[PDB]
């Protein structure tokens, strides 16, 4: 769906921005600094689930740019493992949210965050 590499870069940056917001906005809830409304969090994690599937199709071959490291494309299998592992960490978070289980939510939230960082430490130009 992208005319030029720049269009793929713009798309993935936007998708990732929307993930950071839907993930990060739960931080006060996980910490207990804001109240826990199970239905609110269930709905928000559903949005996050949708968003979390979107960036990866915008790293198609030849779409070097932005703050993406070139290693994304020299080993397609390893990058795919990292996004698939991240999306399975999101599945654990979805399950916790759907169950209304705050303890599971806290644990899953931490593991999701670790998975974001794991990808960045290999594939983001700091």
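Positions refer to the first chain, counted from 1.
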For this session: Using only the Cα atoms and their B-factors as the entry lists them, report which of 102-110 and 11-19 averages higher.
Result: 102-110
Exercise. Which has the highest CA B-factor per the PDB entry: 58, 51, 76, 41?
Worked result: 76
Seminar exercise, completed: Temperature factor at the Cα of residue 87, chain-ranked in thirds, falls in the lowest
Exercise. Which third, lowest, middle or highest, does the CA B-factor of residue 35 fall in along this chain?
Worked result: lowest
For this session: Using the B-factor values recorded in the entry, state whether the Cα atom of residue 96 falls in the lowest, middle or highest third among the modelled residues of its chain.
Result: middle
